[PDB]
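When a residue number appears, it is its place in the shown sequence, counting from 1. The figures here come from the full heavy-atom set of this structure, side chains too, leaving out hydrogens, waters and symmetry mates.
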Amino acid sequence: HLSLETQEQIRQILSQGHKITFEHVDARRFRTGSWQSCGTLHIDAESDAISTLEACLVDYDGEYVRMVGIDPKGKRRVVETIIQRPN
Ligand code: NI
């Protein structure tokens with residue numbers, strides 16, 4: 001049940017011609033910033049982003065999940081936004 005805001009953030013990234021990678025981390029590895037990707041890297045379509053995020057939320061329920069907007073030129077990380085925290 002993605003919020004309006006989460007979806008707007010997805011659109012904001014894609015509208016820049018940037019690509020989305022979702023990442024997850026458990027509380028222990030959150031301590032050291034040791035995130036890992038979930039799903040396909042460098043998503044370029046909202047449908048794919050929503051599908052992937054919903055999958056990541058289920059698959060890593062209990063972890064942090066965040067969205068990373070990436071400039072395709074040089075794979076520069078532009079923005080990171082936490083979507084879910086541990087429960
Ligand atoms: Ni839901």
Side-chain angles (χ1 to χ4, degrees):
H1 285 49
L2 303 184
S3 70
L4 177 38
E5 292 318 318
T6 297
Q7 290 170 89
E8 286 189 335
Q9 294 163 340
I10 290 167
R11 281 202 291 275
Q12 282 284 9
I13 293 165
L14 293 179
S15 74
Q16 294 317 295
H18 296 168
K19 313 301 166 184
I20 295 168
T21 293
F22 296 100
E23 295 176 334
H24 69 96
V25 71
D26 67 11
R28 188 171 295 261
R29 267 52 59 164
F30 177 82
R31 299 169 58 88
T32 60
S34 300
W35 295 75
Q36 298 172 348
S37 61
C38 48
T40 298
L41 309 181
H42 312 304
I43 290 165
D44 67 9
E46 186 185 58
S47 55
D48 290 347
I50 290 172
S51 183
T52 299
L53 174 57
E54 286 281 15
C56 190
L57 296 174
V58 165
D59 284 2
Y60 293 101
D61 183 69
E63 298 200 0
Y64 292 85
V65 177
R66 78 179 174 185
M67 186 172 62
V68 187
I70 298 187
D71 185 341
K73 303 187 168 275
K75 312 295 189 53
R76 177 179 63 86
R77 298 165 65 91
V78 180
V79 65
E80 298 147 316
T81 306
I82 292 172
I83 304 168
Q84 179 166 353
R85 293 187 170 74
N87 51 25

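The disulfide bond (SG atoms under 2.5 Å apart) analysis of residues 29-87, with sequence neighbours excluded, yields the pairs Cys38-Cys56. Listed by first then second residue, pairs satisfying side-chain hydrogen bond (donor to acceptor under 3.5 Å, both in side chains) with a partner in residues 49-60 number zero, not counting sequence neighbours. Among residue pairs with one or both ends in residues 7-22, those qualifying as side-chain hydrogen bond (donor to acceptor under 3.5 Å, both in side chains) are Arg11-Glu46; sequence neighbours excluded.
Taking 4.5 Å as the limit, every side-chain heavy atom of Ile20 sits out of range of all side-chain heavy atoms of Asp48.
Residues meeting the side chain to side chain contact (heavy atoms under 4.5 Å, CB included) test with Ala27, sequence neighbours left out: none. Among residues two or more places apart in sequence or in another chain, the side chain to side chain donor-acceptor pair (under 3.5 Å) test is passed with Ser34 by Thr32. Here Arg28 pairs with nothing under the side chain to side chain donor-acceptor pair (under 3.5 Å) rule; sequence neighbours left out. Contacts of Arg29 classified as side chain to side chain donor-acceptor pair (under 3.5 Å), with partners at least two apart in sequence or in another chain: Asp26. For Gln36, the side chain to side chain contact (heavy atoms under 4.5 Å, CB included) test picks out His24, with sequence neighbours left out.
In the hydrophobic clustering of this structure, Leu2 groups with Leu14; members are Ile, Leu, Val, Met, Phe, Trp, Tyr whose side-chain heavy atoms approach within less than 4.5 Å, directly or through other members. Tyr64 and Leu57 fall into different hydrophobic clusters, defined by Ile, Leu, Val, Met, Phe, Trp and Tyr side-chain heavy atoms under 4.5 Å apart, directly or through other members. The hydrophobic cluster containing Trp35 does not contain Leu41, counting ILVMFWY residues as joined when their side-chain heavy atoms lie under 4.5 angstrom apart, directly or transitively.
Here the CD1 atom belonging to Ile13 is positioned 10.5 Å from the CD1 atom belonging to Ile43, to the nearest 0.5 angstrom.
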Show me, pair by pair, the donor-acceptor contacts under 3.5 angstrom made by side chains of residues 65-73, not counting sequence neighbours?
unit_1, atom_1, unit_2, atom_2, d
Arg66, NE, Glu23, OE1, 2.8
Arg66, NH2, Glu23, OE1, 2.7
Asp71, OD1, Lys73, N, 3.1
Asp71, OD2, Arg76, NH2, 2.7

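A pairwise comparison of heavy atoms in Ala49 and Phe22 identifies O-CE1, 3.4 Å as the closest pair.
Other members of a hydrophobic cluster containing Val58 are absent, since no ILVMFWY side chain comes under 4.5 Å of it, directly or through relayed contacts. Here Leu4 sits alone; no ILVMFWY side chain lies under 4.5 Å from its own, so it joins no hydrophobic cluster.
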